[PDB]
Amino acid sequence: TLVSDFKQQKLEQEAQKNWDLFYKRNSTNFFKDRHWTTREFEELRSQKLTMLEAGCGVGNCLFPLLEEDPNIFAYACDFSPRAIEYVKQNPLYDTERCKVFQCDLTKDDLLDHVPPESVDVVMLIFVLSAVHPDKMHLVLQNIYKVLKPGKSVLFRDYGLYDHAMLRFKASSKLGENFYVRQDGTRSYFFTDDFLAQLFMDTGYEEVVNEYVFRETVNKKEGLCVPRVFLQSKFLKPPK
Amino acid sequence: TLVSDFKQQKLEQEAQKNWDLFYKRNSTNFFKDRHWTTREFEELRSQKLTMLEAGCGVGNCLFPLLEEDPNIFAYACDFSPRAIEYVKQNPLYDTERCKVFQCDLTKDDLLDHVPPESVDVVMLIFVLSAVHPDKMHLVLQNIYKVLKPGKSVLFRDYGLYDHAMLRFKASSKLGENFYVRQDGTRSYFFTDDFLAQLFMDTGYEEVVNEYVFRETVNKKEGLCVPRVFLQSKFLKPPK
Amino acid sequence: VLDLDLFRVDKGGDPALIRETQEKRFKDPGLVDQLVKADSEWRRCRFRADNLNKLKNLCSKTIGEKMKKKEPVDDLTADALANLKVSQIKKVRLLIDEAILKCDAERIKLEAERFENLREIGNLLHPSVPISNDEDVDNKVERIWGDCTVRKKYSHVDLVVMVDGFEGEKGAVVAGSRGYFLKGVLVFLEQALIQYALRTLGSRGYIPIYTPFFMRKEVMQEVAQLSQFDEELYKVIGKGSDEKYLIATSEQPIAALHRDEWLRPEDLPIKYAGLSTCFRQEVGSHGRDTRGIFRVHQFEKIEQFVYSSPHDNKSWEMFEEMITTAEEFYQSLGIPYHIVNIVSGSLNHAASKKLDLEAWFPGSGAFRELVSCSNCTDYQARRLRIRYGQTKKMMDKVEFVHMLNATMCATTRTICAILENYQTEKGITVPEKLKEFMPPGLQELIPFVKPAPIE
Amino acid sequence: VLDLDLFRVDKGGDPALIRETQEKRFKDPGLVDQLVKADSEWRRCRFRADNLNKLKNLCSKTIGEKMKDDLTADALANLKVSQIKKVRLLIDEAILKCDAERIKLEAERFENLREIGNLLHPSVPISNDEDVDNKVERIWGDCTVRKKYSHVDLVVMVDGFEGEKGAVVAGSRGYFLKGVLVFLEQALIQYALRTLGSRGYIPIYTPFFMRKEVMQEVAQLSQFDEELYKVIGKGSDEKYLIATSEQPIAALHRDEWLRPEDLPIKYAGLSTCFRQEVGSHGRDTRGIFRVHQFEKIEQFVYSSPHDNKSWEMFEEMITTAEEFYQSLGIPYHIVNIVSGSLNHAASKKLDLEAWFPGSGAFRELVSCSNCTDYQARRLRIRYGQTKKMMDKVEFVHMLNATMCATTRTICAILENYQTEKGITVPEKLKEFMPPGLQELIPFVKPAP
RNA sequence: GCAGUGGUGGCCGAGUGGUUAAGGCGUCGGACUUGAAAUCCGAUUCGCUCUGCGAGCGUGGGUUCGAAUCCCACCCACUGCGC
RNA sequence: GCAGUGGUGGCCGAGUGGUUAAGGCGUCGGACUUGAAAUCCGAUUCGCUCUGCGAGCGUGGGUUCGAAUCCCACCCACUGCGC
Ligand SMILES: Nc1ncnc2c1ncn2[C@@H]1O[C@H](CSCC[C@H](N)C(=O)O)[C@@H](O)[C@H]1O
Ligand SMILES: Nc1ncnc2c1ncn2[C@@H]1O[C@H](CSCC[C@H](N)C(=O)O)[C@@H](O)[C@H]1O
Ligand SMILES: [Mg+2]
Ligand SMILES: [Mg+2]
Ligand SMILES: [Mg+2]
Ligand SMILES: [Mg+2]
Ligand SMILES: [Mg+2]
Ligand SMILES: [Mg+2]
């Protein structure tokens, strides 16, 4: 049935290694820059807005919004050293606007690099699906302490019954809505209820949490397919 | 086609041996006594009639006519020693009425045992067919000198197209009307013209020479077959 | 053979399960313990040998670079060697050579020992196998078809002579014990059986294949067993010397047909209807009704052979399909039989399960095995290196195909069954499915022309 | 083997004919003189041995009757038993010497006789070069048409041949035959068996190996080293794989007295043949044309030795083969093989050579041979059931002819029936083919 | 069976004593792109304690610090012979 | 493969250390009978210099003056085992 229970332990203990070898084999050429960020969230629209990018990758999510709006300071978090080195070697990088640092969002703590209750917006774009479902609230609590008590957290990631979930063969299933790719990285497909009751258990307040529907079409192969991402915004209670 | 010319020479040089081994294997049980003799020929019917039996076998031709008519003296000629010994050991044999002796009728001469121009009747019953066709006139001349100048010679032997001539396979043929049996003895089947011109070439005179027709029938196998013997009487010219 | 990683416990293996299976087959356990210790030592020896090879390679690379830059004259590192003259690196290479040679000897010994321990270990057992060692008591009868209690007058030993289709004495004069001439009506009947079986298997999707009868020794070792290859196979010798062995079944050359190949998963269920003459050296007579043409040295056999996907329980569905094909064959021939599940102690080393079709011989009053269907899983494919996909994955190990075989029709034994089951008082009635393939005049009855040798 | 009476002038024979025949076969003619001298010395030796045995038996009978070398019966009847034992010792020494001489003479006598070929039929072309003097006796069909591919490509285009994997499994020339070509070979066997069965032949499936003591009597020395595989059992038997089913069929009646009434014995042998010589002579001889293992259907006849019946049966056998190949539509010519290329047993041989339009050559498909009594007297198969006193036995005549070697006939069919879309199925094999293969064998691969 | 030339990875094909076994072709999966793809990114012999190192160029050996490159043997092809 | 009994002529079958290998059965040819036959007479392993002598009883050897008869080996059957 599911993947061997021994193998799932090897996947959990080698999560950072699997993401590091991904950046080794694929360099910065796999993912593409996300220019839809500023438009999608009512924040990030056009003073000194300090931001934390949890799971920054090689950029692709902060460099666009950072060359767009020129009064944003950014913290960058990633547990893979290769991704950090790629972010630093980017020609668009300057220390006066970015502060990149490695931090395993489940084991390490964010206060060792960012000041408490300082960040006004933190982004979770396709980062939480790579974390084991039983260590996600660890990440939510780790980022709960650096958020300004009126600030918020922005989240887009896979949703239930997306096509990518569809495609996976049965030999790639770790559990309910929990799969693994050929390269070792994993994918959890969230539901609105699961994410809601995962954010509520760590002290957040739901604002918007609803699915976003798209489609993928390759004209040459004439392939058009449905896609289901879950977008949301949670807010830290004022008082 | 015909029998090997080498084999025909072996048959001619071993004629006496072949007849001797016949009497060795068959004893006196093969041929049966001929009781038809006295009736068939107008001679031999009921004074002192001296007779020569050329080719006497083991009897079977002189003992019947000799126990029938009690005033007949008989000379017996045969080139096989076994036949002579069987004739002598016959209980019906007495020297006062018979004079048996071995004589090859082609090589030997009859005057060494019988007086010239003495015999009044000589019989040739199935004897000339065992002689090679090119040594028959030898026998006719050998017996021409012992015949009284008014006497005769009696002859019965196979004729042309008899059944026995038919049965024989093609591997048993020595020449025209000339066959050989399994035991080595031979059979020549005479025609009236052949016998006539064979007796005329040696100084005889034909009296009667005509075929006699019988058959043979085995009821159990339901076999009835034609038989053609040639009977004749030749007479030595008086003067 | 089994996968060596099933014994490595540092990998996801478990030798205890191999011990349980080796007990259920009533074979010798402890071979698992010898294997586990040999393997655990071989893993460390392999690590050390790789490291020595890396050091030797790095010495050679450094020497080449020193030479091409025209130089003036084992905790080693890359930079560490970069500070030595060529003579000193060669002095180091000599120590590397000695260590490599002794490690290589130890590793070759450990590999051979672990493999000769893995050689005996039988395949894993399907949970449907009856655990036992008494074949006469625990053979599991599964199904029965027809009337398996009727009795008839003559056994096949008489019937093959009453039809004048068998020459035993002259055969033994020509070939020796058990040699035979098949003649007359029984040659036509054998050919009819071959035509019917080939046509049936071809319509099911099997590819008829006529195999060579001489297999080379290098290849026969990989498809046969120690005992068979020792005392059961004839050896052929030509001019020279001669490493050839007359095949005991067509499953042996057909197994070597896709030897050392990467088979596409699409088209994986390759089905072969093998046709050949088989040469078996063991012919023992347990009574009169096993003589005649029942146990002979030479006979024609039609075999099923299937290469299957190792996933999704596909080889076991294929196993059921093959036994069903043979069952339907003998039902169309009108021969009664039962299906028996063989006990653990009677399976050979490759089989995970074996079914037998045993036909009822009414003139002998016995059950005699006609079909033998086995599922050997990847035990043989691993030995022959017949891989399941065309591409090897980044990290995963190579997967092998499963290989199943099943006799469809051994001609002499099936002729014996047909003769015993179709005898009447005047001759042998021809089965309705074989009348197409018989000559005119032999399409209704094979008449008795001689008296019974017993009478 | 020839009758030893043919070499004895004492009997109705003469070795001059044997010398002239050894010249016609372009073999050595000096064997006849050695044979005649050995034979003439052996007859004397045999006579002396019989006389010594006679004296020994009379000595024994005298001793036995009394207890209860110019010697005679009465002569021994006057001796003390001790004297008879001394005489028996003398007779034993003489018998030992004479038996040594006689065994030596028989040995040499048989060595020179097994190398003199059969007498020739007056129709045989007397010559030694086969390629010019073989009398093409008759033609059938169109033996000049030419077509695109040879069999070496056609067996691959229909996907019925596996040569590389076969050479991996079995070695040089090993092959798998698969698919449509297995069905075609089986159809050929069925058609040949029914054709021969309608003619009065008895089908016979033979053993594939033969004991050496029996194989010697049907084969020559040249064959064993060059062409016969040896089978080894356990304990190291001495069996050989058969090169043709004529070899086991010949031994089926060894040491028998056949009834002349049932003398026209005809058998249709079916077996697998194993040859070692597969030497190649170009591409057109590769494929399944010259292989180590193939099925063959044979004609084997035991005939009366009388009345030219053997030669009438010879003509009948070649006519049966010819009709088989005319019904298949294969063009051929019949060839009278020259005396130089005849085996020892054959007194005449006719080959049927078929035209191969893709190869452009004639290839031998059938070989018909009349061996007369050469092998019958070596196997002691006697004509009559009874022996005559003082008359040597006659042996039957034995004739063999290939009906169909399946691989070569498949090659000929493929080359003669190829079209652009596949191979047309011969009209006479359609009833023996599976449904779907009764009109065309389709091409499924490209030509190599 | 001799007396010549040859043998590279799934296939073709480079290869020059210091490769990363080039380039293709085939196959296989991954794709998160709002500037989606009439495509892109990769992988694709074996082994080990796996971000690396080791082995592998018909198979075995030799020479060399180092061989896919040079030498030898064997095996198998092709070209000429013997048969 | 053992550990017992066996092996006779075209076939059956006697055979007892001094056969003529009995008796049958089958097959094959010869028949000249007047008293023909709803049968009779024979032959029927190999060899030789053939009216005789020699060899041959699964095949080879031994003991004996002499073996088809007694001994041994091998081969092949049948009866019990191993497999
Ligand atoms: N538990 C964790 N702690 C920190 N980083 C993590 C993490 N789990 C996954 N990641 C990082 O999250 C990244 C997801 S790839 C997505 C990158 C980014 N969201 C973008 O839009 O480009 C990976 O590079 C991985 O390094
Ligand atoms: N040339 C010849 N000279 C003498 N006798 C001969 C002979 N040719 C054959 N015979 C004998 O003639 C006999 C023929 S058998 C006939 C015997 C006699 N006619 C009878 O009626 O009984 C044979 O016994 C043979 O010995
Ligand atoms: Mg290549
Ligand atoms: Mg490449
Ligand atoms: Mg190499
Ligand atoms: Mg007997
Ligand atoms: Mg008798
Ligand atoms: Mg003996």
# chains A, B, ... in the order shown; residues from 1 in each chain; ligands from 1
call {"tool": "closest_atom_pairs", "arguments": {"of": "chain E", "to": "ligand 4", "cutoff": "9 Å", "atoms": "only C-alpha atoms (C1' of nucleotides) and all ligand atoms", "output": "tab-separated table"}}
result
residue	atom	partner	partner_atom_place_in_ligand_line	distance
E:9	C1'	ligand 4	1 (Mg)	8.3
E:21	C1'	ligand 4	1 (Mg)	8.5
E:22	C1'	ligand 4	1 (Mg)	7.4
E:23	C1'	ligand 4	1 (Mg)	7.2
E:24	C1'	ligand 4	1 (Mg)	7.8
call {"tool": "interface_residues", "arguments": {"of": "chain C", "to": "chain A", "cutoff": "12 Å", "atoms": "only C-alpha atoms", "output": "PyMOL selection string"}}
result
chain C and resi 9-13+311-312+393-396
call {"tool": "residues_near_ligand", "arguments": {"ligand": "ligand 8", "cutoff": "10 Å", "atoms": "only C-alpha atoms (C1' of nucleotides) and all ligand atoms", "output": "list in words"}}
result
residues 56, 57, 58, 59, 60, 61 and 68 of chain F
call {"tool": "interface_residues", "arguments": {"of": "chain D", "to": "chain C", "cutoff": "8 Å", "atoms": "only C-alpha atoms", "output": "PyMOL selection string"}}
result
chain D and resi 165-166+169-171+174-179+182-183+186+190+194+202-211+214+225-226+228-234+239+248+251-252+276+293+434
call {"tool": "residues_near_ligand", "arguments": {"ligand": "ligand 6", "cutoff": "10 Å", "atoms": "only C-alpha atoms (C1' of nucleotides) and all ligand atoms", "output": "list in words"}}
result
residues 7, 8, 9, 10, 11, 12, 13 and 57 of chain F
call {"tool": "closest_atom_pairs", "arguments": {"of": "chain D", "to": "chain F", "cutoff": "9 Å", "atoms": "only C-alpha atoms (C1' of nucleotides)", "output": "JSON lines"}}
result
{"residue": "D:43", "atom": "CA", "partner": "F:48", "partner_atom": "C1'", "distance": 7.4}
{"residue": "D:44", "atom": "CA", "partner": "F:49", "partner_atom": "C1'", "distance": 7.8}
{"residue": "D:46", "atom": "CA", "partner": "F:48", "partner_atom": "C1'", "distance": 6.1}
{"residue": "D:47", "atom": "CA", "partner": "F:48", "partner_atom": "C1'", "distance": 5.0}
{"residue": "D:48", "atom": "CA", "partner": "F:48", "partner_atom": "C1'", "distance": 8.5}
{"residue": "D:49", "atom": "CA", "partner": "F:54", "partner_atom": "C1'", "distance": 7.6}
{"residue": "D:50", "atom": "CA", "partner": "F:54", "partner_atom": "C1'", "distance": 4.5}
{"residue": "D:51", "atom": "CA", "partner": "F:53", "partner_atom": "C1'", "distance": 6.8}
{"residue": "D:52", "atom": "CA", "partner": "F:54", "partner_atom": "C1'", "distance": 8.4}
{"residue": "D:53", "atom": "CA", "partner": "F:54", "partner_atom": "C1'", "distance": 5.7}
{"residue": "D:54", "atom": "CA", "partner": "F:53", "partner_atom": "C1'", "distance": 5.7}
{"residue": "D:57", "atom": "CA", "partner": "F:66", "partner_atom": "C1'", "distance": 8.7}
{"residue": "D:59", "atom": "CA", "partner": "F:65", "partner_atom": "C1'", "distance": 8.0}
{"residue": "D:60", "atom": "CA", "partner": "F:66", "partner_atom": "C1'", "distance": 5.7}
{"residue": "D:61", "atom": "CA", "partner": "F:18", "partner_atom": "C1'", "distance": 7.0}
{"residue": "D:63", "atom": "CA", "partner": "F:65", "partner_atom": "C1'", "distance": 6.1}
{"residue": "D:64", "atom": "CA", "partner": "F:18", "partner_atom": "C1'", "distance": 5.4}
{"residue": "D:65", "atom": "CA", "partner": "F:18", "partner_atom": "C1'", "distance": 7.1}
{"residue": "D:68", "atom": "CA", "partner": "F:18", "partner_atom": "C1'", "distance": 8.6}
{"residue": "D:81", "atom": "CA", "partner": "F:65", "partner_atom": "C1'", "distance": 8.3}
{"residue": "D:84", "atom": "CA", "partner": "F:65", "partner_atom": "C1'", "distance": 8.0}
{"residue": "D:85", "atom": "CA", "partner": "F:65", "partner_atom": "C1'", "distance": 6.5}
{"residue": "D:88", "atom": "CA", "partner": "F:65", "partner_atom": "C1'", "distance": 8.0}
{"residue": "D:257", "atom": "CA", "partner": "F:10", "partner_atom": "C1'", "distance": 7.8}
{"residue": "D:385", "atom": "CA", "partner": "F:10", "partner_atom": "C1'", "distance": 7.1}
{"residue": "D:386", "atom": "CA", "partner": "F:44", "partner_atom": "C1'", "distance": 5.3}
{"residue": "D:387", "atom": "CA", "partner": "F:44", "partner_atom": "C1'", "distance": 5.9}
{"residue": "D:388", "atom": "CA", "partner": "F:44", "partner_atom": "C1'", "distance": 6.6}
{"residue": "D:389", "atom": "CA", "partner": "F:43", "partner_atom": "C1'", "distance": 7.5}
{"residue": "D:390", "atom": "CA", "partner": "F:50", "partner_atom": "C1'", "distance": 7.7}
call {"tool": "write_last_selection", "arguments": {"atoms": "N, CA, C and O atoms", "output": "tab-separated table (two decimals), in the first residue's frame"}}
result
chain	number	residue	atom	x	y	z
D	43	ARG	N	40.23	-70.03	-47.68
D	43	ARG	CA	39.45	-71.26	-47.93
D	43	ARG	C	40.27	-72.49	-47.54
D	43	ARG	O	39.73	-73.45	-46.95
D	44	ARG	N	41.56	-72.47	-47.87
D	44	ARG	CA	42.44	-73.58	-47.43
D	44	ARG	C	42.47	-73.65	-45.90
D	44	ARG	O	42.37	-74.75	-45.32
D	46	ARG	N	40.32	-72.69	-43.73
D	46	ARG	CA	39.03	-73.15	-43.18
D	46	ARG	C	38.89	-74.67	-43.36
D	46	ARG	O	38.42	-75.36	-42.44
D	47	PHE	N	39.30	-75.18	-44.51
D	47	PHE	CA	39.24	-76.64	-44.73
D	47	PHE	C	40.10	-77.36	-43.69
D	47	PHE	O	39.68	-78.38	-43.10
D	48	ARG	N	41.31	-76.84	-43.46
D	48	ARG	CA	42.22	-77.53	-42.51
D	48	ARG	C	41.62	-77.48	-41.11
D	48	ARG	O	41.72	-78.46	-40.36
D	49	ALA	N	41.01	-76.35	-40.77
D	49	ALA	CA	40.44	-76.23	-39.41
D	49	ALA	C	39.28	-77.21	-39.24
D	49	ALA	O	39.16	-77.82	-38.16
D	50	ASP	N	38.45	-77.36	-40.26
D	50	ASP	CA	37.33	-78.32	-40.16
D	50	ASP	C	37.87	-79.74	-39.99
D	50	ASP	O	37.28	-80.52	-39.22
D	51	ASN	N	38.94	-80.08	-40.69
D	51	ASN	CA	39.47	-81.45	-40.55
D	51	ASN	C	40.03	-81.66	-39.14
D	51	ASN	O	39.83	-82.75	-38.55
D	52	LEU	N	40.72	-80.66	-38.61
D	52	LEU	CA	41.25	-80.81	-37.24
D	52	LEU	C	40.10	-80.96	-36.25
D	52	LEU	O	40.20	-81.78	-35.33
D	53	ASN	N	39.04	-80.18	-36.44
D	53	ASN	CA	37.89	-80.28	-35.52
D	53	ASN	C	37.26	-81.67	-35.63
D	53	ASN	O	36.82	-82.22	-34.61
D	54	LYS	N	37.21	-82.20	-36.84
D	54	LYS	CA	36.63	-83.55	-37.03
D	54	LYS	C	37.44	-84.57	-36.24
D	54	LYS	O	36.86	-85.41	-35.56
D	57	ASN	N	36.75	-84.26	-32.53
D	57	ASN	CA	35.44	-84.80	-32.10
D	57	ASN	C	35.46	-86.33	-32.13
D	57	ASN	O	34.83	-86.96	-31.27
D	59	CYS	N	38.12	-88.16	-31.54
D	59	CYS	CA	38.89	-88.56	-30.34
D	59	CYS	C	37.96	-88.52	-29.12
D	59	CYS	O	37.99	-89.46	-28.30
D	60	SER	N	37.17	-87.46	-29.01
D	60	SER	CA	36.29	-87.33	-27.83
D	60	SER	C	35.24	-88.45	-27.82
D	60	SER	O	34.95	-89.00	-26.74
D	61	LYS	N	34.68	-88.76	-28.99
D	61	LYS	CA	33.62	-89.79	-29.02
D	61	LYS	C	34.24	-91.15	-28.66
D	61	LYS	O	33.59	-91.93	-27.96
D	63	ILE	N	36.86	-91.70	-26.72
D	63	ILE	CA	37.13	-91.73	-25.26
D	63	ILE	C	35.81	-91.93	-24.51
D	63	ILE	O	35.77	-92.75	-23.57
D	64	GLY	N	34.76	-91.22	-24.91
D	64	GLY	CA	33.48	-91.34	-24.20
D	64	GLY	C	32.92	-92.75	-24.30
D	64	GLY	O	32.43	-93.30	-23.29
D	65	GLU	N	32.97	-93.33	-25.49
D	65	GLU	CA	32.38	-94.68	-25.67
D	65	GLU	C	33.24	-95.71	-24.93
D	65	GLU	O	32.69	-96.72	-24.49
D	68	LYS	N	32.55	-95.60	-20.98
D	68	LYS	CA	31.25	-96.18	-20.54
D	68	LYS	C	31.25	-97.69	-20.79
D	68	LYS	O	32.11	-98.38	-20.22
D	81	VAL	N	43.28	-95.12	-23.63
D	81	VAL	CA	42.76	-93.74	-23.49
D	81	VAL	C	43.91	-92.75	-23.30
D	81	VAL	O	43.81	-91.62	-23.79
D	84	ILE	N	44.92	-91.67	-26.56
D	84	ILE	CA	43.97	-90.71	-27.16
D	84	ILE	C	44.18	-89.32	-26.54
D	84	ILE	O	44.01	-88.33	-27.25
D	85	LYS	N	44.55	-89.26	-25.27
D	85	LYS	CA	44.79	-87.92	-24.68
D	85	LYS	C	46.05	-87.29	-25.28
D	85	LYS	O	46.06	-86.06	-25.49
D	88	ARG	N	45.01	-85.98	-28.46
D	88	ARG	CA	44.19	-84.76	-28.28
D	88	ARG	C	45.09	-83.55	-28.03
D	88	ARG	O	44.76	-82.46	-28.49
D	257	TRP	N	14.64	-62.67	-40.67
D	257	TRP	CA	14.34	-63.42	-41.88
D	257	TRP	C	12.97	-62.97	-42.33
D	257	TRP	O	11.96	-63.36	-41.74
D	385	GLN	N	12.42	-66.71	-45.55
D	385	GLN	CA	12.24	-67.13	-44.17
D	385	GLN	C	12.88	-68.48	-43.88
D	385	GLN	O	13.13	-68.79	-42.71
D	386	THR	N	13.16	-69.27	-44.90
D	386	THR	CA	13.80	-70.57	-44.77
D	386	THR	C	15.10	-70.57	-45.55
D	386	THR	O	15.21	-69.92	-46.59
D	387	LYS	N	16.08	-71.28	-45.03
D	387	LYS	CA	17.35	-71.46	-45.72
D	387	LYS	C	17.35	-72.82	-46.40
D	387	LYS	O	16.81	-73.79	-45.87
D	388	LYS	N	17.95	-72.88	-47.58
D	388	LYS	CA	18.11	-74.14	-48.28
D	388	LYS	C	19.40	-74.81	-47.85
D	388	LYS	O	20.39	-74.15	-47.52
D	389	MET	N	19.40	-76.14	-47.84
D	389	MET	CA	20.61	-76.87	-47.52
D	389	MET	C	21.63	-76.69	-48.64
D	389	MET	O	21.30	-76.86	-49.82
D	390	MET	N	22.86	-76.34	-48.26
D	390	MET	CA	23.94	-76.11	-49.21
D	390	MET	C	23.55	-75.03	-50.22
D	390	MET	O	23.63	-75.23	-51.44
call {"tool": "closest_residue", "arguments": {"among": "F:5, F:51, F:69, F:79", "to": "chain C", "atoms": "only C-alpha atoms (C1' of nucleotides)"}}
result
F:79
call {"tool": "residues_around", "arguments": {"residues": "residue 128 in chain C", "least_positions_apart": "4", "cutoff": "12 Å", "atoms": "only C-alpha atoms (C1' of nucleotides)", "output": "PyMOL selection string"}}
result
chain C and resi 124+140+142+316+341-344+352-355
call {"tool": "residues_around", "arguments": {"residues": "range 115-117 of chain B", "least_positions_apart": "2", "cutoff": "10 Å", "atoms": "only C-alpha atoms (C1' of nucleotides)", "output": "ChimeraX atom specification"}}
result
/B:110-113,119-120,143-151
call {"tool": "select_by_dssp", "arguments": {"residues": "range 228-308 of chain C", "states": "helix (DSSP H, G or I)", "output": "ChimeraX atom specification"}}
result
/C:228-232,251-258,288-290
call {"tool": "interface_residues", "arguments": {"of": "chain C", "to": "chain E", "cutoff": "8 Å", "atoms": "only C-alpha atoms (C1' of nucleotides)", "output": "PDB file with C-alpha atoms, in the first residue's frame"}}
result
ATOM      1  CA  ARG C  43      29.620  -4.530   3.302  1.00  0.00           C
ATOM      2  CA  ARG C  44      32.525  -3.209   5.400  1.00  0.00           C
ATOM      3  CA  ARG C  46      33.337  -3.102   0.076  1.00  0.00           C
ATOM      4  CA  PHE C  47      33.535   0.290   1.783  1.00  0.00           C
ATOM      5  CA  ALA C  49      37.953  -1.365  -1.108  1.00  0.00           C
ATOM      6  CA  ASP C  50      36.167   1.675  -2.600  1.00  0.00           C
ATOM      7  CA  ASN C  51      38.265   3.968  -0.420  1.00  0.00           C
ATOM      8  CA  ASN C  53      40.493   2.547  -5.094  1.00  0.00           C
ATOM      9  CA  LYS C  54      39.784   6.258  -4.617  1.00  0.00           C
ATOM     10  CA  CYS C  59      47.594   9.215  -6.697  1.00  0.00           C
ATOM     11  CA  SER C  60      47.547   8.453 -10.440  1.00  0.00           C
ATOM     12  CA  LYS C  61      45.788  11.746 -11.239  1.00  0.00           C
ATOM     13  CA  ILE C  63      51.226  11.892 -10.848  1.00  0.00           C
ATOM     14  CA  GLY C  64      49.794  12.690 -14.295  1.00  0.00           C
ATOM     15  CA  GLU C  65      49.427  16.370 -13.404  1.00  0.00           C
ATOM     16  CA  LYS C  68      52.353  17.171 -17.610  1.00  0.00           C
ATOM     17  CA  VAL C  86      56.671  11.694  -7.970  1.00  0.00           C
ATOM     18  CA  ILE C  89      53.775   9.164  -4.553  1.00  0.00           C
ATOM     19  CA  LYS C  90      54.929   5.930  -6.223  1.00  0.00           C
ATOM     20  CA  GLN C 390      14.381  -0.097 -19.768  1.00  0.00           C
ATOM     21  CA  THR C 391      15.820   2.655 -17.563  1.00  0.00           C
ATOM     22  CA  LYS C 392      17.596   2.360 -14.235  1.00  0.00           C
ATOM     23  CA  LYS C 393      16.481   4.816 -11.577  1.00  0.00           C
ATOM     24  CA  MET C 394      18.766   7.309  -9.772  1.00  0.00           C
TER      25      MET C 394
END
call {"tool": "residues_near_ligand", "arguments": {"ligand": "ligand 1", "cutoff": "6 Å", "atoms": "only C-alpha atoms (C1' of nucleotides) and all ligand atoms", "output": "PyMOL selection string"}}
result
chain A and resi 19+55-57+59-61+78-80+103-106+125-127+130-131
call {"tool": "residues_around", "arguments": {"residues": "residue 4 in chain E", "least_positions_apart": "4", "cutoff": "12 Å", "atoms": "only C-alpha atoms (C1' of nucleotides)", "output": "NGL selection string"}}
result
:E and (78-81)
call {"tool": "select_by_dssp", "arguments": {"residues": "range 162-360 of chain C", "states": "strand (DSSP E)", "output": "PyMOL selection string"}}
result
chain C and resi 166-167+181-183+207-210+214-216+235-237+244-246+261-262+270-279+298-308+337-341+353-360
call {"tool": "closest_residue", "arguments": {"among": "E:26, E:1, E:20, E:36", "to": "chain A", "atoms": "only C-alpha atoms (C1' of nucleotides)"}}
result
E:36
call {"tool": "atom_distance", "arguments": {"atom1": "CA of residue 32 in chain B", "atom2": "atom 19 (N, counted along the ligand's line) of ligand 2"}}
result
10.8 Å
